[PDB]
Structure formats: C-alpha cells, structure tokens
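Undergrad: My structure is below; once you've seen it, I'll send some questions.
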Amino acid sequence: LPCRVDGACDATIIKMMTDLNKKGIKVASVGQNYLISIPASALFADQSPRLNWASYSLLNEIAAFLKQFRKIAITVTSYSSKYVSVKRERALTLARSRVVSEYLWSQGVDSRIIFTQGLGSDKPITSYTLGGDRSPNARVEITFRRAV
Amino acid sequence: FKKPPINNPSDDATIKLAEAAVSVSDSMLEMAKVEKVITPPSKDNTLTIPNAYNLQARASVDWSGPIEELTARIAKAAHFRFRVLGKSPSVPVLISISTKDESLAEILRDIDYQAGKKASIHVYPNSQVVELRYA
Amino acid sequence: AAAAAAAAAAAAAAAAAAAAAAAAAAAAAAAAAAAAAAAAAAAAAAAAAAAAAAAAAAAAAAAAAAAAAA
Amino acid sequence: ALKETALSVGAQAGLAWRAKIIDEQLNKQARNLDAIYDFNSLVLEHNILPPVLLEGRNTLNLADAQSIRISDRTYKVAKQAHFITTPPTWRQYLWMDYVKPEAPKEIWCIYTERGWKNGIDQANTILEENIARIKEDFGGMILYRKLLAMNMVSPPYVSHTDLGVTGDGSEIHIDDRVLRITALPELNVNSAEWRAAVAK
Amino acid sequence: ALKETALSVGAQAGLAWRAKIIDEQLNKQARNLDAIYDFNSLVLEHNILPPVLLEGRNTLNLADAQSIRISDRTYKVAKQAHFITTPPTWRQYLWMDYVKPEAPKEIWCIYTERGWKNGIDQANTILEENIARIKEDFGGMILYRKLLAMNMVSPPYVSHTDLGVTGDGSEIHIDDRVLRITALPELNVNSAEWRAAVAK
Amino acid sequence: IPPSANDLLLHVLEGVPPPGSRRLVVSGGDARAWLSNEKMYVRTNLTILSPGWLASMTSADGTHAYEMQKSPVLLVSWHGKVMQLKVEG
Amino acid sequence: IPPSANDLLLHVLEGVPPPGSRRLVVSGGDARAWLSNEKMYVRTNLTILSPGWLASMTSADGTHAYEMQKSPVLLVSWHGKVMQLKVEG
Amino acid sequence: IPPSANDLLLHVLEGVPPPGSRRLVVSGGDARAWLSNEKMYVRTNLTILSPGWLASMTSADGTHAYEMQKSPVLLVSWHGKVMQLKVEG
C-alpha cells in the first residue's frame, strides 16, 4: 500500500515547534518558508568556529525537526557581531555555517542541497550591539521551503 | 552528546562499497576532465552583450522558425536597422526561443548561439544596426 | 491524521491534506509525492508479468523468467 | 465474494453521489465557467467554430536502435474549423451524468466504505478527463488565434454566392445566400512569412 | 515425502524473505550504487549507449588430439552500441522480485529450516548473477572507452539529415532532424594504428 | 525514414486519454497513464529515468508526454530525488 | 582449421552464466559452474589439474574460465595444495 | 447545392405539429417540441444555446422554430438568464 504519513506527524511538528520556541530557538513559519533562528550563544563558544558538546542536543531536535518536512534546499547562513574585521568575521561565519551543515548532513535531512554561507553582520536584526556571541544579532539561521 | 551519521558506512562491507564509490566517482571526474572539450573565453566566437540602452529593454517571445524574421523583429523592437549579408539556403536556419521574460540583447545572444555556424549576428550600436551574416 | 493543529480543512489535490492551521503530513490523493522506494511486484524493473502463461515459471513481458517468483 | 459484491454495491453509489456533488458544485460556479470557457467570443467572422491546434514542443521518437527523430515543435490540426450555429458551452464538456441508483455485515460496511471512496475517486477521474477535454478544445482554439496572428495558419475563406428570389411558384425564398467554406484553416509550410511573438 | 514437501514449503518462503532483505539492503545503498554503476555519464555524444566489449586473455582451445589454437587476447563486441533515450540504472539489473507468498511436525521443522537456508542461498545465487550481469555490461562499456582511447574500435558515425518544415497542411514538424547511426563501433583489424597503455 | 513521433502524444500532452484506451492508476507521483495498444502513455512533469521511453513531447509549461512499453514501475526524478511510481495494468 | 575458443568463455569469464543453462553447485572451493549442453563451464581462480579441460580463458585479474566435459569432481591447486571440488549435476 | 431549410419549419413556426409525429413534453420553459423522424422541432421564443440546431426560422412576432437532433435537455437564454428545458422522448 502507499504510505499515509511520510515518517512524520503534524502533532510532532508542532510539539517540536513549541519546544524549540520554549528553549529560545525561534521558529518562524511564513507560507512554506520555514525559519529556525539559533543564537550563537546557544551553540558555539564565543568568536570561535567550534561547537560545544552539549549543543549537539540542540542540534538533535533541530535535525529531528528537519526530518519532518519534504524539502529541496536548506540554506544555513550565519552572522555575528564585529570582533576584529569583516574579513576575519566572514571567515568565522563561513566556517561556522559549514560546521553546522556538516553536522546536519551527518544527521538526517532529506534535503537535496544544503547551501551554507556566512556574512559579516551585513544583515543585523537589531541595532543594539552589546557584545560578541551574546548579542541577539549573533546567530545562525536555517531557512528552507517545505516542498508540497 | 552527538550521534554517528545515519547512512554511515559503519560496517565492514559497506565501507568497501563506499570507498569504491568514492574511487569510481572521482575516476569519472578525471575522465570528464580529460574528455571535456571546452572553449576558452578569449576564443568563444559568440556575441557579447552590446550594452546599448535600447538593447537592454525588457522583452518576451515564444517561437520556433526561421531566424531572419525574429531578428528583423527585434531590430524594429529595439529601434535598430536590420541588415542581412549572405544568401539564405533552401533549408532555413531554424532556431527557437520561448522565454516569457529575459533581456533582448540576450535574445541576440541566444540567436547567435542557436544559429551556431550556419549564420551569426553582429551588432553595431553606434550605427544602431544589427546584421545577420550567413556563410 | 491531521492531529492537534486543527482538524483537516480541505484535501488539496496535487498535494497532501490541508489542516486548518497548515499543510499536513498525511497524503491526500494517490498521486502525491509519497516516497516509494521499495516496490512489491513480480518482474518489477524488468517489464511486467506476461499474464497469458499457465505453466510453472513466471515469464516477464521482456521475456525474462522471474526465477525469484516462480 | 459477498465482500466483493459489497464493494460493487458501494462503487456505483459513491460514483453517483460524487457526480451529484460536483454537478451543483459546477452549477454554483456557472457564470464563472461561462467566463472561463467563453467559446462564444472565440468564433470567427462567419460564425465558424475555430479548429483545435495542438502544440507539442521538443519532441523525440526513438524509432529503433539505429535512428531517432527529433523535432522542435509540432502543430496538429485536430477537428478542423466548421460552421457552428450556436457556440459550445462548458456544459457539454463538463457535466457528469446523474442517475439516482435505486438498487441496493461488518465486512459489508468496511468494503462499502472502500467501494464508496473507489466510486468517489473514479468519478473524480471522469471529471479530470472532462476538464482535460475542455482544456484541449478551448486552448486549441486559443492556439489558433496565436497562429492566426502569427501567420502559421490560414484563416478560412468563405464564399457567399448570393441568389435572388428562388424557387417555383409553390415556394419562394427571397434573399437566398449560400455560404460555403472553400479554404479550410490550414498550417502553411512556406515558412518565410511567419511571425514571432516579441513583446515588451 | 511429507518431509520433502516440508522442504518445498520452506524453500520459496526463504527465497522471498532473502529477496526482501536484499531489496532494502540495496535501497540503503541507493546513491552509492548510482555512483558505482553510473551508466549516465558513460553514454556517447549522441546519447548512444556504448557496446559491451569482452576481454579474454591468454586463450587455449584443445580442438582435438592433433591440434590446439592459442590466442593471446580476444575482444568480443556483445550487444552492439545503440541509441538509448534514458540510460540504464542499476535497478533493472540488480532488483530481485518481491512477491509475498501467502501459501502455507519435528521433521517438518528441521526440513523447513533446511528449506529456509536453501531458499536463502538460492536467492544469493540469483543476486550473484545479477551483480555478475551488471559487472559484465558496465565493464564492457569501460572496456570500450579503453579501446576507443586505444584505437582498437571505431567510434559510431552518426548522420544528421536535417529537414526543414515537414508534412502536409494537417501536420507540421518544424525542425525535423533525422539522426541515424551509419557506422557501428567496430574493432579494427588493420592493427598498425593501435595504441598501448603506457603511463607513469 | 522513421516516423515523426506519435501524434497521439499531442493528446496525452493534454490531459485527455487516447481514443479506445484503458486507464492505469498511478501511485506515488503526479502522473497519469493510459494504455492504448500494448503501449502506455504518461502525462507527467516528472522525469522518467529507468525503463526507457519510445517517444516524448513537452508542452509550454514543462508537462511531458511519454510513449513507452508497459512496465509496472516507473522511476522518476522529482527534484533531484530518485522516486518510484507504480502502475496497475 | 580449428575453432578459436568458445566465445561463451567470455561470458563465463565474467560471472554471468551462459544463456539457457543449468546451475551446478560447487563445494569446497571458490568456483562457479554451469552446464550449457553436456559441457560444464567453470569460473574460478584456482588451477584445475586432473580431469582436463577443452578450452580456457583468463581475465585481467587472474580469473580463469574453463570449458570441460561434465566430471563430478574437480581437482585444483589452490596455493600448491592439491584440493578437491565437488559438483552436483 | 444545399437544401433551403426544411419547409416543415413553416408548420412548426405555427403551433401545428408535423404530420406523423410524436409529441414531446417540455418542462421548465415555454416551448413545444415534436419528433418527426429522429429529429425534434421546437417552437419557442427563447434562444436555444447549447446543443445546436440544424435549421431555424422565425415568425413575425419573434417566435422561432428549430430543427435539431434529439437531445433530452435544451439550454436556452430567457432574458439573459441561462435556463434549462427538459424533454421526454
């Protein structure tokens, strides 16, 4: 027989979506464009392209949330606040996003492409520029479009 | 805590199958490297973008058929004169463009390209004329 | 089915079912993009079972003998 | 076997019920479908129904191992232009047929539900082909008006042989005009006078 | 005899179970097998499937008591080059067939286990020949690309007879290219223009 | 001289079946298939990959129409995903 | 003039059986044997010693393919060890 | 040379049926229909739209008379309203 559910349920989608918004990973849901926005405090160490060991659990319900949708291209892009220069900053955020997409295709996505890139605070979501990775500007964002 | 990958070759046969997959896919690649004929961009023979403001207007065409009629029409859509040099063969040079939104100098790029060597396009933008040359 | 978002509002053809919050994960029609990757048929991926035979073996329509189903 | 005839009871009842639901669902959108499938202002100058042209781009045929034929576009004249009196509506093409079937345990109930959805989606495939047929026929007439602009077809050439008062003394017809189609609309192969759809 | 039909019950169930296990064991390695058996980028310039060449080195035939023939290498063209539309996958060559058999004391139990391993290794020999057939066919195409480099075969010589607008007025095809293979890929015996695989 | 295509691919480039056909139900993908005379014809916009087709057309909107022999499974690409479609008949 | 070899030794130099064969199970060694028409064909990389073969080929990797009459035991050398292989059929 | 009309449309432009007919009852509109020989004839003053007629006349007062094939439903315009008429026979 053909399958009713594709290894996913809508109750589990909104259960992970409430749990990610309770742990502060903000899931925006516009049309079929999905955005999960992750502060860089909640994954890495400060001004580093290196994961903390506990933050792979945060990546676990990120990846188990990304199980649930039929998707074609995830793009993951990272940007933080200014530390030395924009050149050092863009090298940091490129390594940052490529490390988290290396873990995300180590884990389960059914995406066909993950595009991955980093920017040098070129798109900052607040004008308040407190510090390093504790800034809410300092974030990675994982955006995709849910196919059909 | 992190996990191993899900489809990971964590198995003594599947590592051998997947190292064979790595070796066959890159051996396909230096294959494709040695038989890939290219053209260098110094010597590509095709048209460029002739960057005139009438040729950067904003057009749309659905078509298959003979080439001199479209380039007559995109000359008088671009307010350009149309010259033909050469003689039209009994079989016509048959190209086809169906784009509903692209730039009309890049039509003339697509025209020259799908003509290939049966004909080619020249644009003189100071004289405001396109010209279609046969062989 | 479309559980706990709301009840299922519509059933969008060329798609999955449409819950009354968002698009569900339960397939509406037969012709949606359901991830079939394991078929279950005699002489699949050769041609189909040539149905006119009445013997021991099962012959495909590409004239192979389906020895895994005879 | 009783389970099989339970399914066969459920099938035609589901087909007729789905036929009913989409008939007044069609009739709810009746003026909208006259706007969509407006054949009335697609007819030609002498109330000639335009022919249905079919476009197939980018065509391959693998004839054998030795040879293929590709062609880039294919235009086919299907069901050629002809004198229509009153133009077609959508209701000849889309209306599914309503008869009310008056012909009537646990396995009966579950297979009459699976018969009921089998009748429902089989009526859906009948409706899908009905929409497909009207989209073929109407978009073929639209494809004419493209190629009549674009000079790939001829327009029909009518001939009106006017006749005066006509007949014997038991029967007269006063203004007796006989109208014929001489030249049918017809794709030209002399291809140098073609056009091309360049807009802005 | 009842022991024999116990073995025959166990055989087809073991075959179908082993067929199932290696079908999703194939599907677990689906992208890996598209990397291995990549026929798609082995096809020729006019989407021609390359032929399967067979190499046999160092060959003897004992014809009778009086005479042998040795040859050093033998190249055979098997299932000659031809116009393919879409290239072969591994799934026509490797996928074993899954049907679910719905047809059902102590001697029954021990011979249904020996029937079960007889069905298992007989499905293994079917899979072994399937891998053997794809290794024949794919490595024959690889052996072409060796000998096409190494000048022991001809490439296929296509001919594209271009035609313009084609047909009557009821049917036109606009750019009508007929593509044939005239010269098949074919081993040359005029052997002085051969090559030799010296590398560093 | 080969035949051009089949001209009935113009009909199955629209949704309409060929005259005198049998419907084939298609599971697991957006395609419609009919069987005219020991040949099936598939209206899809997916790309059929494995079993090979004899003729093809494509409309203005990227819908394709394929003439092929009767194979009970179709393999397509959807959006780079290898996908299976299953036909009964 | 003798025949060259059998050209079906090219097929059993690969693992593929000849068309229209019967499988023979081989015990006690890495070989595969098929019986086409009162002749068996053995794919091995061992060296058959006692019962004598009518034709032989060898691939690039030292796999050999032998045409021989049907004998129920094969004697090979494995690595200098005299070895026995047993075929049913 | 085509025929002119049918001259029996003069009779069904009046209310009188054709000789040797069968009456058809008409529901849902002011029309009368008779069936002479596998063709029905409709006296109306409505405008028949969908099923197409073969011949037509019109009297002095806008009454029309139509020759058409037997279709069990007639679609008319009444006063811009699309309307249905239903015939038994």
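Counting neighbours? That spans all protein chains shown, and the Cβs are built from the backbone with ideal geometry, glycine included. Each value in this text was obtained by applying a stated rule to the coordinates, not by laboratory testing.
Undergrad: Which residues, taken from segment D:128-167, are under 17 Å from D:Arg57 (Cα atoms), in contact with a strand residue (DSSP E or B) (Cβ under 6 Å, 6 or more places away or on another chain) and of a type in the set (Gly, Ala, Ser)?
TA: D:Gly140
Undergrad: A further question on this structure: So which residues in segment H:33-66 are in contact with a strand residue (DSSP E or B) (Cβ under 8 Å, 6 or more places away or on another chain) and closer than 20 Å to D:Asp175 by Cβ, if there are any at all?
TA: If the condition is that a residue be in contact with a strand residue (DSSP E or B) (Cβ under 8 Å, 6 or more places away or on another chain) and closer than 20 Å to D:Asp175 by Cβ, then H:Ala55, H:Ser56, H:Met57, H:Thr58, H:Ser59, H:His64, H:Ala65 are the ones that fit.
Undergrad: Checking the condition under 30 Å from E:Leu187 (Cα atoms) and outside any loop (DSSP other than H, G, I, E, B), which residue from E:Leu26, E:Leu53, E:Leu44, E:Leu15 passes?
TA: E:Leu53
Undergrad: From the list E:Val189, E:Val158, pick out the single residue that is part of a loop (DSSP other than H, G, I, E, B) and either surrounded by fewer than 17 Cβ atoms within 10 Å (Cβ to Cβ) or more than 7 Å from chain D (Cβ to nearest Cβ) (or both).
TA: E:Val189
Undergrad: Of everything in segment C:11-22, what is more than 14 Å from chain F (Cβ to nearest Cβ) and either charged (D, E, K, R) or surrounded by 20 or more Cβ atoms within 10 Å (Cβ to Cβ) (or both)? Give them in sequence order.
TA: Passing the criteria: C:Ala17, C:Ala19.
Undergrad: Give me a count of the residues in segment D:138-152 that are buried (at least 19 other Cβ atoms within 10 Å of the Cβ) and either assigned to a loop (DSSP other than H, G, I, E, B) or facing chain F (nearest Cβ under 9 Å) (or both).
TA: Qualifying residue count for the region: 2.
Undergrad: E:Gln92 versus (1) within 21 Å of G:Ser59 (Cβ to Cβ); (2) under 12 Å from the mean Cα position of the chain (by Cα); (3) of a type outside the set (A, V, I, L, M, F, W, C): which is the lone unmet condition?
TA: (1)
Undergrad: Hey, can you tell me all the residues within segment C:36-53 that are in contact with a helix residue (DSSP H, G or I) (Cβ under 6 Å, 6 or more places away or on another chain) and either outside any loop (DSSP other than H, G, I, E, B) or more than 7 Å from chain F (Cβ to nearest Cβ) (or both)?
TA: Within segment C:36-53, C:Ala38 is the sole residue that qualifies.
Undergrad: State which residue is surrounded by the fewest Cβ atoms within 10 Å (Cβ to Cβ) when the search covers only segment A:25-41 and only residues that are over 13 Å from the mean Cα position of the chain (by Cα) and part of a strand (DSSP E or B).
TA: If we take residues in segment A:25-41 being over 13 Å from the mean Cα position of the chain (by Cα) and part of a strand (DSSP E or B), then A:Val30 is surrounded by the fewest Cβ atoms within 10 Å (Cβ to Cβ).
Undergrad: I'm checking my understanding of the structure. Among residues of segment E:60-106 that are assigned to a loop (DSSP other than H, G, I, E, B) and among the basic types (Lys, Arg), which one is farthest from the other protein chains (Cβ to nearest Cβ)?
TA: E:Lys105
Undergrad: How many of the residues in segment B:69-94 are within 21 Å of the chain's Cα centre (by Cα), at the interface with another protein chain (Cβ under 8 Å from one of its Cβ atoms), of a type outside the set (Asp, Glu) and within 26 Å of E:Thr166 (Cβ to Cβ)?
TA: So the answer is 4.
Undergrad: Next question. Within segment A:96-111, is there a residue that is part of a loop (DSSP other than H, G, I, E, B) and acidic (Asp, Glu)?
TA: yes
Undergrad: Of all residues in segment G:74-83, which are touching a strand residue (DSSP E or B) at 6+ places or on another chain (Cβ under 6 Å) and either exposed (fewer than 13 other Cβ atoms within 10 Å of the Cβ) or hydroxyl-bearing (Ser, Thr, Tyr) (or both)?
TA: Selection gives G:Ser77 alone.
Undergrad: On to the next question. So which residues in segment E:36-79 are hydroxyl-bearing (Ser, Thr, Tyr) and closer than 30 Å to F:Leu49 by Cβ, if there are any at all?
TA: Result: E:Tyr37, E:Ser41.
Undergrad: Looking at E:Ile84, E:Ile181, E:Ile142, E:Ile107, which is the one that is more than 27 Å from F:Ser56 (Cα to Cα), within 26 Å of the chain's Cα centre (by Cα) and hydrophobic (A, V, I, L, M, F, W, C)?
TA: Result of the check over E:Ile84, E:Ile181, E:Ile142, E:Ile107: E:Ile142.
Residue-by-condition table, conditions (1) out of contact with any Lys or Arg (no Cβ under 8 Å at 6 or more places or on another chain); (2) closer than 15 Å to F:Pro3 by Cα:
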| site | (1), (2) |
| --- | --- |
| E:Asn151 | no, no |
| E:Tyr157 | yes, no |
| E:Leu163 | no, yes |
| E:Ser170 | no, no |
| E:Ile174 | no, yes |
| E:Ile181 | yes, no |
| E:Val198 | yes, no |
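Undergrad: Further question: Of all residues in segment H:1-59, count the ones that are within 28 Å of D:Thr182 (Cβ to Cβ), under 10 Å from the mean Cα position of the chain (by Cα) and not aliphatic (A, V, I, L, M).
TA: 2
Undergrad: Of all residues in segment D:170-190, how many are within 17 Å of B:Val93 (Cα to Cα) and touching an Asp or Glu at 6+ places or on another chain (Cβ under 9 Å)?
TA: 1
Undergrad: If you don't mind, another one. Please tell me if A:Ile62 is more than 14 Å from chain B (Cβ to nearest Cβ) and either touching a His at 6+ places or on another chain (Cβ under 9 Å) or closer than 23 Å to A:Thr116 by Cβ (or both).
TA: Criteria not met by A:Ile62.
Undergrad: Right, here's the next one. Report yes if E:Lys117 is surrounded by fewer than 17 Cβ atoms within 10 Å (Cβ to Cβ) and assigned to a loop (DSSP other than H, G, I, E, B), otherwise no.
TA: In short, no.
Undergrad: Using the structure shown, decide if C:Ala26 is in a strand (DSSP E or B) and within 7 Å of another protein chain (Cβ to nearest Cβ).
TA: Here the answer is yes, as C:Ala26 does meet what is asked.
Undergrad: Follow-up. Collect the residues in segment G:1-45 that are more than 11 Å from chain E (Cβ to nearest Cβ), part of a loop (DSSP other than H, G, I, E, B) and of a type in the set (D, E, K, R), keeping them in residue-number order.
TA: G:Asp30, G:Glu38
Undergrad: Which is more than 7 Å from every other protein chain (Cβ to nearest Cβ), farther than 30 Å from G:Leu8 by Cβ, touching a helix residue (DSSP H, G or I) at 6+ places or on another chain (Cβ under 8 Å) and of a type in the set (A, V, I, L, M), of E:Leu53, E:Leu42, E:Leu33, E:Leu2?
TA: One residue alone meets the criteria, E:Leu2.
Undergrad: May I ask you to verify whether C:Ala33 is part of a strand (DSSP E or B), in contact with a strand residue (DSSP E or B) (Cβ under 9 Å, 6 or more places away or on another chain) and either under 20 Å from F:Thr44 (Cα atoms) or at the interface with another protein chain (Cβ under 7 Å from one of its Cβ atoms) (or both)?
TA: no
Undergrad: Let me ask something additional. With the structure loaded, tell me whether D:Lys100 is of a type outside the set (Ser, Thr, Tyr), buried (at least 16 other Cβ atoms within 10 Å of the Cβ) and under 30 Å from D:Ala13 (Cβ atoms) or whether it fails that test.
TA: no
Undergrad: Of all residues in segment H:7-50, which are crowded, with 19+ Cβ neighbours inside 10 Å and among the polar types (S, T, N, Q)?
TA: If the condition is that a residue be crowded, with 19+ Cβ neighbours inside 10 Å and among the polar types (S, T, N, Q), then H:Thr44, H:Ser50 are the ones that fit.
Undergrad: Anything in segment G:46-63 that is closer than 16 Å to E:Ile68 by Cβ and part of a strand (DSSP E or B)? List them, or say none.
TA: Residues satisfying the conditions are G:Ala55, G:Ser56, G:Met57, G:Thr58.
Undergrad: Could you list, in sequence order, all residues of segment B:13-68 that are among the small types (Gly, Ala, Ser), exposed (fewer than 11 other Cβ atoms within 10 Å of the Cβ) and within 22 Å of the chain's Cα centre (by Cα)?
TA: If the condition is that a residue be among the small types (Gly, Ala, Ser), exposed (fewer than 11 other Cβ atoms within 10 Å of the Cβ) and within 22 Å of the chain's Cα centre (by Cα), then B:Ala32, B:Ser42 are the ones that fit.
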